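Trainee: The structure file query_20.txt (compact mmCIF, C-alpha atoms) is provided below.
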# COMPACT_ATOMS: atom_id res chain seq x y z
CA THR S 381 0.00 0.00 0.00
CA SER S 382 2.67 2.55 1.02
CA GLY S 383 5.52 3.38 -1.40
CA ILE S 384 3.21 2.88 -4.42
CA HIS S 385 3.61 6.46 -5.82
CA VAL S 386 6.83 5.46 -7.66
CA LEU S 387 7.31 1.96 -9.22
CA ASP S 388 10.22 0.22 -11.02
CA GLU S 389 9.39 1.96 -14.36
CA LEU S 390 5.93 3.62 -14.02
CA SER S 391 7.59 7.01 -13.33
CA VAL S 392 9.98 6.60 -16.31
CA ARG S 393 7.13 5.57 -18.66
CA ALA S 394 5.14 8.81 -18.16
CA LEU S 395 8.09 11.19 -18.80
CA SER S 396 9.32 9.27 -21.91
CA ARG S 397 6.03 9.91 -23.76
CA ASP S 398 5.93 13.67 -22.93
CA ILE S 399 9.54 14.10 -24.11
CA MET S 400 8.75 12.42 -27.47
CA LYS S 401 5.82 14.88 -27.84
CA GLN S 402 8.47 17.62 -28.16
CA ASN S 403 10.84 15.29 -30.07
CA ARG S 404 8.54 15.60 -33.12
CA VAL S 405 6.97 18.96 -31.99
CA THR S 406 5.16 20.76 -34.85
CA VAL S 407 7.97 23.32 -35.36
CA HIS S 408 8.41 25.22 -38.66
CA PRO S 409 11.93 26.08 -39.91
CA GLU S 410 10.64 29.58 -40.78
CA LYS S 411 10.44 30.19 -37.02
CA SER S 412 11.86 27.14 -35.22
CA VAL S 413 11.16 27.40 -31.46
CA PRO S 414 14.26 26.43 -29.45
CA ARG S 415 13.50 24.31 -26.33
CA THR S 416 16.57 22.44 -25.00
CA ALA S 417 15.14 22.67 -21.47
CA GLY S 418 12.01 20.78 -22.64
CA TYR S 419 13.80 17.40 -22.18
CA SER S 420 16.05 18.84 -19.42
CA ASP S 421 13.11 19.22 -17.02
CA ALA S 422 11.30 15.98 -17.96
CA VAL S 423 14.46 13.84 -17.75
CA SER S 424 16.06 15.64 -14.73
CA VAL S 425 12.98 14.88 -12.59
CA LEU S 426 13.27 11.15 -13.38
CA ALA S 427 16.81 11.07 -11.88
CA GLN S 428 15.49 12.54 -8.61
CA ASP S 429 13.16 9.51 -8.52
CA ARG S 430 15.65 6.56 -8.71
CA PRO S 431 15.60 4.49 -11.95
CA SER S 432 17.62 6.63 -14.40
CA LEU S 433 16.43 5.54 -17.87
CA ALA S 434 14.78 7.80 -20.48
CA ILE S 435 14.99 8.98 -24.12
CA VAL S 436 15.88 12.56 -25.23
CA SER S 437 16.51 14.28 -28.60
CA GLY S 438 18.26 17.64 -29.24
CA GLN S 439 17.05 20.27 -31.76
CA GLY S 440 19.88 22.83 -31.77
CA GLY S 441 23.09 23.40 -29.76
CA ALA S 442 25.79 20.67 -29.67
CA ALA S 443 28.58 22.09 -27.46
CA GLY S 444 26.25 23.39 -24.69
CA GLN S 445 24.15 20.19 -24.76
CA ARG S 446 27.15 17.97 -23.79
CA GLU S 447 27.96 20.21 -20.78
CA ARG S 448 24.24 20.39 -19.84
CA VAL S 449 23.74 16.64 -19.07
CA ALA S 450 27.02 16.92 -17.13
CA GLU S 451 25.12 19.41 -14.89
CA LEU S 452 23.11 16.33 -13.82
CA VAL S 453 26.41 14.70 -12.80
CA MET S 454 26.83 17.58 -10.30
CA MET S 455 23.57 16.46 -8.62
CA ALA S 456 25.41 13.15 -7.99
CA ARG S 457 28.53 15.05 -6.81
CA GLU S 458 26.61 16.36 -3.76
CA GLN S 459 25.11 12.88 -3.14
CA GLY S 460 28.65 11.39 -2.71
CA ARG S 461 28.26 9.31 -5.90
CA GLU S 462 30.24 9.53 -9.15
CA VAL S 463 28.67 8.73 -12.55
CA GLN S 464 29.92 7.61 -16.02
CA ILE S 465 28.65 9.82 -18.87
CA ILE S 466 29.47 9.77 -22.64
CA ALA S 467 28.56 12.49 -25.16
CA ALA S 468 28.05 11.98 -28.91
CA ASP S 469 31.07 11.42 -31.19
CA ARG S 470 32.28 14.79 -29.77
CA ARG S 471 33.15 13.01 -26.45
CA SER S 472 36.71 12.25 -27.72
CA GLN S 473 37.56 15.98 -27.69
CA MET S 474 35.85 16.22 -24.29
CA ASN S 475 38.35 13.65 -22.89
CA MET S 476 41.14 16.17 -23.52
CA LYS S 477 38.85 18.78 -21.92
CA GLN S 478 36.01 18.23 -19.36
CA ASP S 479 38.52 18.13 -16.44
CA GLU S 480 36.08 19.83 -14.01
CA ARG S 481 34.72 16.42 -12.81
CA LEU S 482 35.34 13.51 -15.27
CA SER S 483 39.18 13.52 -15.21
CA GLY S 484 39.02 9.89 -13.97
CA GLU S 485 36.50 9.44 -11.12
CA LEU S 486 33.62 7.46 -12.69
CA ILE S 487 33.56 4.39 -10.36
CA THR S 488 34.74 0.96 -11.63
CA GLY S 489 37.16 2.46 -14.18
CA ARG S 490 40.30 1.58 -12.19
CA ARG S 491 41.07 -2.13 -11.95
CA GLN S 492 38.27 -3.56 -14.15
CA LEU S 493 39.62 -1.68 -17.20
CA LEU S 494 43.35 -2.02 -16.48
CA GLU S 495 43.90 -5.18 -14.33
CA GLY S 496 40.76 -7.42 -14.71
CA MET S 497 39.43 -7.01 -11.11
CA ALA S 498 35.88 -5.80 -10.33
CA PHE S 499 34.72 -2.57 -8.62
CA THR S 500 31.66 -2.12 -6.34
CA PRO S 501 28.87 -1.47 -8.85
CA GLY S 502 26.95 1.54 -7.52
CA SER S 503 27.37 4.39 -10.06
CA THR S 504 24.87 6.22 -12.26
CA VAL S 505 25.44 6.30 -16.04
CA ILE S 506 23.99 8.65 -18.65
CA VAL S 507 25.17 8.50 -22.30
CA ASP S 508 24.05 11.40 -24.57
CA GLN S 509 24.92 10.47 -28.20
CA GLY S 510 23.96 11.35 -31.82
CA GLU S 511 26.04 8.50 -33.19
CA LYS S 512 24.88 5.04 -32.14
CA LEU S 513 28.30 3.33 -32.26
CA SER S 514 29.04 5.10 -28.93
CA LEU S 515 25.77 3.89 -27.38
CA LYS S 516 26.52 0.18 -28.05
CA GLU S 517 30.08 0.12 -26.53
CA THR S 518 29.00 2.05 -23.40
CA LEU S 519 26.07 -0.36 -23.02
CA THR S 520 28.26 -3.52 -22.88
CA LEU S 521 30.39 -2.42 -19.86
CA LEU S 522 27.39 -0.72 -18.19
CA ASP S 523 25.58 -4.10 -18.16
CA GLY S 524 27.81 -5.47 -15.33
CA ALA S 525 27.37 -2.30 -13.23
CA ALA S 526 23.59 -2.12 -13.92
CA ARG S 527 23.23 -5.47 -12.05
CA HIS S 528 23.77 -3.42 -8.87
CA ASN S 529 22.78 0.31 -8.47
CA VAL S 530 23.24 1.66 -12.04
CA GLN S 531 20.97 2.96 -14.82
CA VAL S 532 21.00 4.34 -18.41
CA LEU S 533 19.98 7.97 -19.02
CA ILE S 534 20.57 8.85 -22.67
CA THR S 535 19.76 11.47 -25.24
CA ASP S 536 20.26 11.46 -29.00
CA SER S 537 20.98 13.61 -32.02
CA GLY S 538 19.75 11.36 -34.89
CA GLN S 539 16.19 10.41 -33.74
CA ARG S 540 14.57 13.60 -35.16
CA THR S 541 13.23 11.42 -38.01
CA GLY S 542 13.18 7.96 -36.37
CA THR S 543 13.06 7.77 -32.55
CA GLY S 544 11.60 4.28 -31.84
CA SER S 545 14.31 2.72 -34.07
CA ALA S 546 16.94 4.21 -31.74
CA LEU S 547 15.42 2.31 -28.77
CA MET S 548 16.01 -1.07 -30.47
CA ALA S 549 19.52 0.14 -31.40
CA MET S 550 20.57 0.26 -27.70
CA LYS S 551 19.00 -3.19 -27.15
CA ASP S 552 21.07 -4.60 -30.04
CA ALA S 553 24.25 -3.60 -28.13
CA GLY S 554 24.20 -6.99 -26.27
CA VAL S 555 22.05 -5.87 -23.30
CA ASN S 556 19.61 -8.72 -22.50
CA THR S 557 18.16 -9.65 -19.08
CA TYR S 558 17.23 -13.36 -19.00
CA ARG S 559 16.53 -14.43 -15.39
CA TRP S 560 19.54 -15.41 -13.21
CA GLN S 561 22.07 -13.32 -15.20
CA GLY S 562 21.84 -10.51 -17.82
CA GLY S 563 24.13 -9.89 -20.83
CA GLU S 564 27.22 -9.55 -18.57
CA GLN S 565 28.65 -12.77 -20.06
CA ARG S 566 27.97 -11.55 -23.66
CA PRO S 567 30.90 -9.20 -24.43
CA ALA S 568 30.19 -9.47 -28.20
CA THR S 569 27.15 -11.76 -28.71
As structure tokens, what does this structure read like?

Mentor:
Amino acid sequence: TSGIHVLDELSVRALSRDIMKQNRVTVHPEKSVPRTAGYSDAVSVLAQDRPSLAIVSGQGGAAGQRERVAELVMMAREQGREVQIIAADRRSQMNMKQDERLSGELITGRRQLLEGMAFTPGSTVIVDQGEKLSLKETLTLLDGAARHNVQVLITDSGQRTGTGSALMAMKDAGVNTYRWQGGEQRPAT
């Protein structure tokens, strides 16, 4: 009875549909209405809940959009929790830059990537990406961490014409929850 306001995905389901309503918003190029905050408010609220997992599409602004989702990472900075986040194909340049918080403090990126050991899965992951090649590689490693306290918050920059197709794209990255184990044992199949 109590604790029924938020469920495993009921909260995420409602905000995903409203965000898509602006994803294909009836906007004319003669007077395109900018609204980056439209999916910033819908998606940011879902992280305050618990299960971080939604869809977002950008209309204009590429450099400010990558730093914007990183503002969400600050909300985790105060909560004593680091998070792994990847921008579109522009993330490579961000690695040289973006030293205000992602210099190397995600969470299990220490021994699991360099020596084979495992790190306490308990981070939050959000991957904003126009290209889908970035979404699939991030998804494979994230699968192990998602078993514990992790989640996928992502945006996109190529769903303006096809958004539902992008959802299957992430699923094709190897992520598959069976019953006793997910796709953690499927590094490439």

Trainee: Quick check, in Å to one decimal: how far apart do atom CA of residue S:454 and atom CA of residue S:442 lie?

Mentor: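 Straight-line distance from atom CA of residue S:454 to atom CA of residue S:442 works out to 19.6 Å.
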
Trainee: Pick out the residues sitting within 7 Å of stretch 411-426 of chain S, and hand them over as JSON, numbers by chain; count only C-alpha atoms, and ignore anything fewer than 3 positions along from it in its own chain.

Mentor: {"S": [392, 395, 399, 407, 408, 429, 430, 432, 434, 436, 438]}

Trainee: Atoms to include: C-alpha atoms. Write the selected residues as an mmCIF file, in the frame of the given file.

Mentor:
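Result file follows (out.cif):
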data_model
loop_
_atom_site.group_PDB
_atom_site.id
_atom_site.type_symbol
_atom_site.label_atom_id
_atom_site.label_comp_id
_atom_site.auth_asym_id
_atom_site.auth_seq_id
_atom_site.Cartn_x
_atom_site.Cartn_y
_atom_site.Cartn_z
ATOM 1 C CA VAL S 392 9.980 6.600 -16.310
ATOM 2 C CA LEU S 395 8.090 11.190 -18.800
ATOM 3 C CA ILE S 399 9.540 14.100 -24.110
ATOM 4 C CA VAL S 407 7.970 23.320 -35.360
ATOM 5 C CA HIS S 408 8.410 25.220 -38.660
ATOM 6 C CA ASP S 429 13.160 9.510 -8.520
ATOM 7 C CA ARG S 430 15.650 6.560 -8.710
ATOM 8 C CA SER S 432 17.620 6.630 -14.400
ATOM 9 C CA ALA S 434 14.780 7.800 -20.480
ATOM 10 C CA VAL S 436 15.880 12.560 -25.230
ATOM 11 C CA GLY S 438 18.260 17.640 -29.240
#

Trainee: Can you pull out the residues contacting residue S:435? Cut-off 7 Å, using only C-alpha atoms, and skip same-chain residues under 2 positions away; I want them as a list in words.

Mentor: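 Answer for this query is residues 396, 534 and 535 of chain S.
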
Trainee: Calculate how many Å separate atom CA of residue S:532 from atom CA of residue S:513, rounding to one decimal.

Mentor: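 These atoms are spaced 15.7 Å apart.
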
Trainee: Taking all atoms listed in the file into account, name the residue in S:555, S:405, S:449, S:394 that is nearest to residue S:517.

Mentor: S:555

Trainee: In Å, with one decimal, what is the gap from atom CA of residue S:470 to atom CA of residue S:504?

Mentor: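 Calculated distance between atom CA of residue S:470 and atom CA of residue S:504 is 20.9 Å.
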
Trainee: Would you mind telling me which residue in S:391, S:437, S:472, S:406 lies nearest to residue S:542 when using all atoms listed in the file?

Mentor: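 For residue S:542, the nearest of the given residues is S:437.
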
Trainee: Taking 2 positions as the minimum chain separation for residues in the same chain, which residues sit within 9 Å of stretch 485-496 of chain S when counting all atoms listed in the file? Answer as a PyMOL selection string.

Mentor: chain S and resi 461-465+481-483+498-505+525

Trainee: Quick one: everything within 8 Å of residue S:520, counting all atoms listed in the file, minus sequence neighbours fewer than 5 positions away in the same chain. Send it as an NGL selection string.

Mentor: :S and (553-555 or 563-564 or 567)

Trainee: Residues of the last selection are to be written out with C-alpha atoms, as a PDB file, in the frame of the given file.

Mentor:
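Below is the file that was written, again.pdb:
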ATOM      1  CA  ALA S 553      24.250  -3.600 -28.130  1.00  0.00           C
ATOM      2  CA  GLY S 554      24.200  -6.990 -26.270  1.00  0.00           C
ATOM      3  CA  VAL S 555      22.050  -5.870 -23.300  1.00  0.00           C
ATOM      4  CA  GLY S 563      24.130  -9.890 -20.830  1.00  0.00           C
ATOM      5  CA  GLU S 564      27.220  -9.550 -18.570  1.00  0.00           C
ATOM      6  CA  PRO S 567      30.900  -9.200 -24.430  1.00  0.00           C
TER       7      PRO S 567
END

Trainee: Would you give the centre and edge lengths, in Å to one decimal, of a box along x, y and z around the listed atoms of stretch 471-488 of chain S, with 3 Å added to each side, as JSON?

Mentor:
{"center_x": 37.1, "center_y": 10.4, "center_z": -19.0, "size_x": 14.0, "size_y": 24.9, "size_z": 23.4}

Trainee: Counting only C-alpha atoms, figure out which residue out of S:533, S:568, S:550, S:474 gets nearest to residue S:447.

Mentor: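 Counting only C-alpha atoms, the residue closest to residue S:447 is S:474.
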